[PDB]
file coords08.txt (compact mmCIF, C-alpha atoms and all ligand atoms)
# COMPACT_ATOMS: atom_id res chain seq x y z
CA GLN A 1 18.84 22.08 -7.15
CA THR A 2 16.58 19.42 -8.68
CA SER A 3 18.30 16.34 -9.99
CA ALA A 4 17.82 14.86 -13.47
CA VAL A 5 15.66 12.17 -11.85
CA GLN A 6 13.37 14.75 -10.28
CA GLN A 7 13.24 16.70 -13.56
CA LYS A 8 12.15 13.57 -15.43
CA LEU A 9 9.46 12.91 -12.83
CA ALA A 10 8.24 16.51 -13.10
CA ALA A 11 8.02 16.17 -16.88
CA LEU A 12 6.13 12.89 -16.55
CA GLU A 13 3.76 14.60 -14.13
CA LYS A 14 3.22 17.56 -16.45
CA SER A 15 2.48 15.30 -19.43
CA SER A 16 0.05 13.26 -17.35
CA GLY A 17 -2.08 16.20 -16.23
CA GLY A 18 -2.07 15.07 -12.59
CA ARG A 19 -0.08 15.17 -9.34
CA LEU A 20 2.70 12.62 -8.79
CA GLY A 21 4.43 11.71 -5.52
CA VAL A 22 7.47 9.47 -5.38
CA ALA A 23 9.79 8.23 -2.67
CA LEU A 24 12.72 5.86 -3.15
CA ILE A 25 14.85 4.48 -0.33
CA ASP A 26 18.02 2.64 -1.32
CA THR A 27 19.05 0.56 1.68
CA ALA A 28 22.61 0.14 0.37
CA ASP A 29 23.42 3.64 1.63
CA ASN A 30 20.03 4.80 3.02
CA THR A 31 19.76 7.47 0.36
CA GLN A 32 16.33 8.90 -0.43
CA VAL A 33 15.05 10.33 -3.71
CA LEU A 34 11.78 12.27 -3.35
CA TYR A 35 9.31 14.00 -5.65
CA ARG A 36 6.53 15.82 -3.74
CA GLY A 37 7.71 13.58 -0.93
CA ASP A 38 6.02 15.51 1.86
CA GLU A 39 2.68 16.22 0.18
CA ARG A 40 -0.39 14.24 1.21
CA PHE A 41 -1.95 11.80 -1.22
CA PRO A 42 -4.99 9.55 -0.87
CA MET A 43 -3.80 6.02 -0.05
CA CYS A 44 -6.76 3.99 -1.30
CA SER A 45 -5.92 0.30 -1.08
CA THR A 46 -2.23 0.83 -0.25
CA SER A 47 -3.57 1.32 3.30
CA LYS A 48 -4.25 -2.43 3.39
CA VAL A 49 -0.56 -2.98 4.09
CA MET A 50 -0.83 -1.06 7.34
CA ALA A 51 -3.94 -2.99 8.44
CA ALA A 52 -2.38 -6.37 7.66
CA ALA A 53 0.82 -5.33 9.45
CA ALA A 54 -1.17 -4.20 12.48
CA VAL A 55 -2.75 -7.65 12.76
CA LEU A 56 0.67 -9.27 12.31
CA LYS A 57 1.89 -7.13 15.21
CA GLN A 58 -0.97 -8.40 17.39
CA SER A 59 -0.02 -11.98 16.48
CA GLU A 60 3.44 -11.51 18.02
CA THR A 61 1.85 -11.98 21.42
CA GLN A 62 -1.20 -14.04 20.31
CA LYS A 63 0.51 -16.81 18.35
CA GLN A 64 -2.65 -18.38 16.90
CA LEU A 65 -4.33 -15.11 15.96
CA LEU A 66 -3.69 -15.52 12.25
CA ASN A 67 -5.59 -18.82 12.34
CA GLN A 68 -8.66 -17.33 14.08
CA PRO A 69 -11.71 -17.85 11.86
CA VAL A 70 -13.91 -14.82 11.24
CA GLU A 71 -17.49 -15.19 10.06
CA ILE A 72 -18.50 -13.79 6.68
CA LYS A 73 -22.21 -12.98 6.19
CA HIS A 74 -24.05 -11.60 3.15
CA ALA A 75 -24.25 -8.21 4.87
CA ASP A 76 -20.47 -7.93 5.20
CA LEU A 77 -19.91 -7.61 1.46
CA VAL A 78 -19.07 -4.23 -0.04
CA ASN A 79 -18.13 -3.22 -3.59
CA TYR A 80 -15.28 -5.59 -4.49
CA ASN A 81 -15.21 -8.98 -2.79
CA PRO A 82 -13.44 -11.46 -5.08
CA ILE A 83 -12.41 -13.84 -2.28
CA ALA A 84 -14.84 -13.05 0.50
CA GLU A 85 -17.85 -13.82 -1.71
CA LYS A 86 -16.65 -17.44 -1.78
CA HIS A 87 -16.92 -17.63 2.01
CA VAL A 88 -20.37 -16.19 2.68
CA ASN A 89 -22.04 -18.15 5.50
CA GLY A 90 -18.57 -19.52 6.15
CA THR A 91 -15.37 -18.08 7.57
CA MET A 92 -12.00 -16.71 6.72
CA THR A 93 -9.07 -16.69 9.13
CA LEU A 94 -7.17 -13.48 9.74
CA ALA A 95 -4.33 -14.86 7.60
CA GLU A 96 -6.82 -15.64 4.83
CA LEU A 97 -8.29 -12.16 5.14
CA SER A 98 -4.83 -10.57 5.03
CA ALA A 99 -3.88 -12.54 1.94
CA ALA A 100 -7.16 -11.60 0.22
CA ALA A 101 -6.81 -7.94 1.12
CA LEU A 102 -3.19 -7.72 0.00
CA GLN A 103 -3.08 -10.08 -2.98
CA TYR A 104 -6.52 -9.52 -4.53
CA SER A 105 -7.34 -6.11 -2.98
CA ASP A 106 -10.54 -7.57 -1.47
CA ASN A 107 -12.43 -4.78 0.28
CA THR A 108 -14.56 -6.99 2.53
CA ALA A 109 -11.34 -8.57 3.78
CA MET A 110 -9.97 -5.11 4.58
CA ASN A 111 -13.09 -4.22 6.55
CA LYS A 112 -12.67 -7.38 8.64
CA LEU A 113 -9.04 -6.41 9.34
CA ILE A 114 -10.16 -2.93 10.37
CA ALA A 115 -12.80 -4.48 12.68
CA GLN A 116 -10.17 -6.74 14.27
CA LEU A 117 -8.18 -3.61 15.09
CA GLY A 118 -11.19 -1.79 16.59
CA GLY A 119 -11.87 0.58 13.68
CA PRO A 120 -9.85 2.83 11.37
CA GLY A 121 -8.42 4.45 14.49
CA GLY A 122 -6.81 1.17 15.49
CA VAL A 123 -4.94 1.10 12.21
CA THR A 124 -3.71 4.67 12.76
CA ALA A 125 -2.71 3.77 16.33
CA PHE A 126 -0.51 0.97 15.00
CA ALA A 127 1.11 3.40 12.56
CA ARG A 128 1.91 5.76 15.39
CA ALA A 129 3.26 2.87 17.49
CA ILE A 130 5.81 2.03 14.82
CA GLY A 131 6.85 5.63 14.31
CA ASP A 132 4.68 6.61 11.35
CA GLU A 133 3.51 10.09 12.30
CA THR A 134 1.79 10.86 9.03
CA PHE A 135 -0.50 7.98 8.08
CA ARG A 136 -4.16 8.39 8.91
CA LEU A 137 -7.02 6.01 8.28
CA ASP A 138 -10.40 7.61 8.87
CA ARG A 139 -12.91 5.48 6.98
CA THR A 140 -13.72 1.91 6.04
CA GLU A 141 -14.30 0.39 2.61
CA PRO A 142 -15.47 1.63 0.21
CA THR A 143 -15.57 5.25 1.27
CA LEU A 144 -11.87 5.55 2.09
CA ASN A 145 -11.23 5.61 -1.70
CA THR A 146 -13.05 8.86 -2.50
CA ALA A 147 -9.71 10.71 -2.93
CA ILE A 148 -11.33 14.11 -2.85
CA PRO A 149 -9.08 17.06 -3.61
CA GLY A 150 -7.82 18.58 -0.37
CA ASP A 151 -9.39 16.01 1.91
CA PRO A 152 -6.87 14.91 4.59
CA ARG A 153 -8.81 11.74 5.35
CA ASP A 154 -7.18 8.44 4.43
CA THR A 155 -3.91 10.06 3.33
CA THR A 156 -0.17 9.79 3.84
CA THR A 157 2.96 11.22 2.21
CA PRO A 158 5.34 9.34 -0.08
CA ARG A 159 8.27 9.79 2.31
CA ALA A 160 6.31 8.52 5.30
CA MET A 161 4.95 5.49 3.50
CA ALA A 162 8.34 4.55 2.07
CA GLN A 163 9.93 4.79 5.51
CA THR A 164 7.15 2.68 7.02
CA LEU A 165 7.28 0.08 4.28
CA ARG A 166 11.04 -0.18 4.77
CA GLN A 167 10.63 -0.66 8.52
CA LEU A 168 7.90 -3.30 8.02
CA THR A 169 9.54 -5.38 5.32
CA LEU A 170 13.30 -4.88 5.68
CA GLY A 171 13.64 -3.40 9.19
CA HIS A 172 12.30 -4.61 12.51
CA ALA A 173 8.95 -2.91 13.09
CA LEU A 174 7.63 -6.47 13.04
CA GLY A 175 9.02 -9.66 14.55
CA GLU A 176 11.10 -11.78 12.20
CA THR A 177 8.35 -14.33 11.52
CA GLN A 178 5.83 -11.58 10.85
CA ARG A 179 8.13 -9.58 8.59
CA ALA A 180 8.66 -12.70 6.50
CA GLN A 181 4.91 -13.30 6.29
CA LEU A 182 4.27 -9.76 5.10
CA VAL A 183 6.97 -10.15 2.46
CA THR A 184 5.41 -13.43 1.32
CA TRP A 185 2.00 -11.80 0.95
CA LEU A 186 3.31 -8.76 -0.94
CA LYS A 187 5.40 -10.91 -3.30
CA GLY A 188 2.30 -12.84 -4.31
CA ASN A 189 0.24 -9.80 -5.24
CA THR A 190 -1.91 -10.37 -8.31
CA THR A 191 -2.81 -6.72 -9.08
CA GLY A 192 0.57 -5.11 -9.77
CA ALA A 193 1.72 -6.21 -13.22
CA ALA A 194 1.06 -2.87 -14.94
CA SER A 195 2.33 -0.61 -12.14
CA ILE A 196 5.84 -0.42 -10.56
CA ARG A 197 6.67 -3.98 -11.66
CA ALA A 198 6.18 -3.05 -15.32
CA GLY A 199 8.88 -0.40 -15.09
CA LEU A 200 11.53 -2.55 -13.37
CA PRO A 201 13.77 -5.33 -14.71
CA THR A 202 12.04 -8.69 -14.80
CA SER A 203 14.92 -10.34 -12.95
CA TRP A 204 14.17 -8.26 -9.83
CA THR A 205 11.96 -9.62 -7.05
CA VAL A 206 9.12 -7.26 -6.16
CA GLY A 207 6.51 -7.21 -3.44
CA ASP A 208 3.87 -4.53 -3.89
CA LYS A 209 0.43 -3.28 -3.06
CA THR A 210 -1.59 -1.20 -5.53
CA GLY A 211 -4.36 1.25 -4.92
CA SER A 212 -7.03 2.95 -7.00
CA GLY A 213 -9.79 5.43 -6.28
CA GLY A 214 -11.72 8.43 -7.27
CA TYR A 215 -10.06 11.29 -9.15
CA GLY A 216 -8.18 8.70 -11.21
CA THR A 217 -6.05 7.91 -8.17
CA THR A 218 -3.49 5.26 -9.10
CA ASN A 219 -0.97 4.14 -6.48
CA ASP A 220 1.65 1.46 -5.82
CA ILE A 221 4.06 0.77 -2.96
CA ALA A 222 6.83 -1.79 -3.37
CA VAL A 223 9.74 -3.56 -1.73
CA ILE A 224 12.31 -4.52 -4.34
CA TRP A 225 15.26 -6.90 -4.43
CA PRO A 226 17.45 -6.05 -7.41
CA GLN A 227 19.86 -8.65 -8.63
CA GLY A 228 23.26 -8.24 -7.01
CA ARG A 229 22.59 -5.30 -4.73
CA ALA A 230 20.80 -4.21 -1.58
CA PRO A 231 16.98 -3.98 -1.55
CA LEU A 232 14.97 -0.84 -2.23
CA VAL A 233 11.58 0.58 -1.31
CA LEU A 234 9.63 2.60 -3.84
CA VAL A 235 6.40 4.53 -3.41
CA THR A 236 4.47 6.03 -6.33
CA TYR A 237 1.24 7.99 -5.66
CA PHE A 238 -0.74 9.64 -8.48
CA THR A 239 -4.03 11.53 -8.51
CA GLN A 240 -5.84 13.75 -11.00
CA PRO A 241 -7.91 16.94 -11.00
CA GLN A 242 -11.29 15.57 -12.13
CA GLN A 243 -13.50 13.05 -10.31
CA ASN A 244 -14.01 10.58 -13.14
CA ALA A 245 -10.46 10.58 -14.43
CA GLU A 246 -9.17 7.28 -15.82
CA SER A 247 -6.60 5.06 -14.14
CA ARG A 248 -2.98 5.66 -15.12
CA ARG A 249 -0.96 2.65 -14.05
CA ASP A 250 1.40 3.44 -16.94
CA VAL A 251 2.43 6.63 -15.10
CA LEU A 252 3.62 4.53 -12.15
CA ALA A 253 5.54 2.21 -14.47
CA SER A 254 7.19 5.24 -16.08
CA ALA A 255 8.08 6.64 -12.65
CA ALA A 256 9.69 3.34 -11.69
CA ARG A 257 11.67 3.24 -14.95
CA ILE A 258 13.00 6.74 -14.27
CA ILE A 259 13.99 5.90 -10.70
CA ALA A 260 15.69 2.66 -11.74
CA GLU A 261 18.13 4.52 -14.02
CA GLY A 262 19.64 6.57 -11.21
CA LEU A 263 20.35 3.61 -8.94
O1 LIG B 1 -17.12 -6.60 7.35
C1 LIG B 1 -17.99 -6.05 8.31
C2 LIG B 1 -17.26 -5.20 9.34
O2 LIG B 1 -16.67 -4.05 8.70
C3 LIG B 1 -16.96 -2.88 9.41
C4 LIG B 1 -15.79 -1.93 9.31
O3 LIG B 1 -14.62 -2.59 9.79
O4 LIG B 1 -18.16 -2.27 8.82
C5 LIG B 1 -18.19 -2.10 7.38
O5 LIG B 1 -19.09 -3.09 6.78
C6 LIG B 1 -20.44 -3.05 7.28
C7 LIG B 1 -21.26 -4.13 6.65
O6 LIG B 1 -21.00 -4.27 5.25
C8 LIG B 1 -21.05 -1.67 7.14
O7 LIG B 1 -22.32 -1.65 7.87
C9 LIG B 1 -20.17 -0.62 7.72
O8 LIG B 1 -20.66 0.70 7.50
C10 LIG B 1 -18.78 -0.72 7.06
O9 LIG B 1 -17.88 0.29 7.52
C11 LIG B 1 -17.35 -3.37 10.82
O10 LIG B 1 -18.17 -2.48 11.56
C12 LIG B 1 -18.03 -4.70 10.55
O11 LIG B 1 -17.92 -5.52 11.71

call {"tool": "encode", "arguments": {"input": "coords08.txt", "output": "structure tokens", "more": "lines below"}}
Ligand SMILES: OC[C@H]1O[C@@](CO)(O[C@H]2O[C@H](CO)[C@@H](O)[C@H](O)[C@H]2O)[C@@H](O)[C@@H]1O
result
Amino acid sequence: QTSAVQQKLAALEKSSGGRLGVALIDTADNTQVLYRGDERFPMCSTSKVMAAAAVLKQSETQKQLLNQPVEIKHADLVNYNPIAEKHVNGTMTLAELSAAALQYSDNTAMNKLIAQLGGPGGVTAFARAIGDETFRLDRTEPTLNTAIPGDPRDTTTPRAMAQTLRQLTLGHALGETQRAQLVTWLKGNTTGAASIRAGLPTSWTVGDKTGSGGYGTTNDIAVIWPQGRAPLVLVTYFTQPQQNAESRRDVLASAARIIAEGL
């Protein structure tokens, strides 16, 4: 029934003391490998990909939207604002906000993307418009990262997020220009070195977005271009039983290493 890959992921999960969700899509043959693939997990900052993509979608009809400056005031700042703090009483364009959200995991930037879309519901509406039936964004930053056991808010499943990331970055949920821009942003992420990237060969090109939250929630979603074969998407979601659990980016690296063997 279970494959050796799934068995190795279950053993990793058991040793870790938490709950692990994995979804791999190999676009060479569209095969999927899943571990808890249809269970809900808290997204935390991996949800920034959907918000940035939603704004890219808007820019398909509004060509200069990405260059629209948005004001940043002292009152806009939340708990982690590495880029936005440099622009208080100034502006950031929607492209600048997208890059900050994706590449530095800036939470003020995310809240400005959410506002551009009319609220968390506008991000969910985009997900539904591209065929993601599972994603839900309910809250803004920072409260979307609470990752409370059993709370459906701000969750998705590994299978759904892998399918969506494939459609956004390798498929045609976005226009060609916009797809390329998303790939550029993800490739330049600064926060991923210890997560999926650490478990994959160095020679492979990787675009990813991490997430972290309460209950030791440690997440990563990635588009991957192995050397000499078709690209892959990999999702790794991890969360723990106790509220103040530590981060476990090493678990995500180990999950990626296990998945890479069976390719
Ligand atoms: O960046 C401000 C912008 O974000 C939104 C959510 O998209 O509000 C967030 O930030 C406010 C100011 O820091 C908070 O008052 C609010 O609770 C929080 O969700 C927008 O409403 C606002 O335009």

call {"tool": "residues_near_point", "arguments": {"input": "coords08.txt", "point": "(19.2, 16.2, -6.2)", "cutoff": "12 Å", "atoms": "only C-alpha atoms", "output": "ChimeraX atom specification"}}
result
/A:1-8,31-35,262

call {"tool": "residues_near_ligand", "arguments": {"input": "coords08.txt", "ligand": "ligand LIG 1 (chain B)", "cutoff": "6 Å", "atoms": "only C-alpha atoms and all ligand atoms", "output": "list in words"}}
result
residues 75, 76, 77, 78, 108, 111, 112, 114, 115, 119 and 140 of chain A

call {"tool": "closest_atom_pairs", "arguments": {"input": "coords08.txt", "of": "range 116-229 of chain A", "to": "range 47-60 of chain A", "cutoff": "7 Å", "atoms": "only C-alpha atoms", "output": "tab-separated table"}}
result
residue	atom	partner	partner_atom	distance
A:123	CA	A:51	CA	5.7
A:126	CA	A:54	CA	5.8
A:174	CA	A:57	CA	6.2
A:175	CA	A:60	CA	6.8
A:178	CA	A:56	CA	5.8

call {"tool": "write_last_selection", "arguments": {"input": "coords08.txt", "atoms": "C-alpha atoms", "output": "PDB file, in the frame of the given file"}}
result
ATOM      1  CA  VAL A 123      -4.940   1.100  12.210  1.00  0.00           C
ATOM      2  CA  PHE A 126      -0.510   0.970  15.000  1.00  0.00           C
ATOM      3  CA  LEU A 174       7.630  -6.470  13.040  1.00  0.00           C
ATOM      4  CA  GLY A 175       9.020  -9.660  14.550  1.00  0.00           C
ATOM      5  CA  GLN A 178       5.830 -11.580  10.850  1.00  0.00           C
TER       6      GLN A 178
END

call {"tool": "residues_around", "arguments": {"input": "coords08.txt", "residues": "residue 243 in chain A", "least_positions_apart": "3", "cutoff": "8 Å", "atoms": "only C-alpha atoms", "output": "list in words"}}
result
residues 148, 214, 215, 216 and 240 of chain A

call {"tool": "closest_residue", "arguments": {"input": "coords08.txt", "among": "A:223, A:251, A:113, A:182", "to": "residue 18 in chain A", "atoms": "all atoms listed in the file"}}
result
A:251

call {"tool": "residues_around", "arguments": {"input": "coords08.txt", "residues": "range 186-197 of chain A", "least_positions_apart": "6", "cutoff": "6 Å", "atoms": "all atoms listed in the file", "output": "list in words"}}
result
residues 103, 206, 207, 208, 249, 252, 253 and 256 of chain A

call {"tool": "write_last_selection", "arguments": {"input": "coords08.txt", "atoms": "C-alpha atoms", "output": "mmCIF file, in the frame of the given file"}}
result
data_model
loop_
_atom_site.group_PDB
_atom_site.id
_atom_site.type_symbol
_atom_site.label_atom_id
_atom_site.label_comp_id
_atom_site.auth_asym_id
_atom_site.auth_seq_id
_atom_site.Cartn_x
_atom_site.Cartn_y
_atom_site.Cartn_z
ATOM 1 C CA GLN A 103 -3.080 -10.080 -2.980
ATOM 2 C CA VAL A 206 9.120 -7.260 -6.160
ATOM 3 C CA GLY A 207 6.510 -7.210 -3.440
ATOM 4 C CA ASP A 208 3.870 -4.530 -3.890
ATOM 5 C CA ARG A 249 -0.960 2.650 -14.050
ATOM 6 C CA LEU A 252 3.620 4.530 -12.150
ATOM 7 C CA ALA A 253 5.540 2.210 -14.470
ATOM 8 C CA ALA A 256 9.690 3.340 -11.690
#

call {"tool": "closest_residue", "arguments": {"input": "coords08.txt", "among": "A:209, A:242, A:131, A:15", "to": "residue 106 in chain A", "atoms": "all atoms listed in the file"}}
result
A:209

call {"tool": "atom_distance", "arguments": {"input": "coords08.txt", "atom1": "CA of residue 160 in chain A", "atom2": "CA of residue 42 in chain A"}}
result
12.9 Å

call {"tool": "closest_residue", "arguments": {"input": "coords08.txt", "among": "A:37, A:201, A:122, A:241", "to": "residue 23 in chain A", "atoms": "all atoms listed in the file"}}
result
A:37

call {"tool": "residues_around", "arguments": {"input": "coords08.txt", "residues": "residue 13 in chain A", "least_positions_apart": "6", "cutoff": "10 Å", "atoms": "all atoms listed in the file", "output": "CSV table (one decimal) with C-alpha atoms, in the frame of the given file"}}
result
chain,number,residue,atom,x,y,z
A,7,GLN,CA,13.2,16.7,-13.6
A,19,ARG,CA,-0.1,15.2,-9.3
A,20,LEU,CA,2.7,12.6,-8.8
A,21,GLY,CA,4.4,11.7,-5.5
A,238,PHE,CA,-0.7,9.6,-8.5
A,251,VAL,CA,2.4,6.6,-15.1
A,255,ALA,CA,8.1,6.6,-12.6
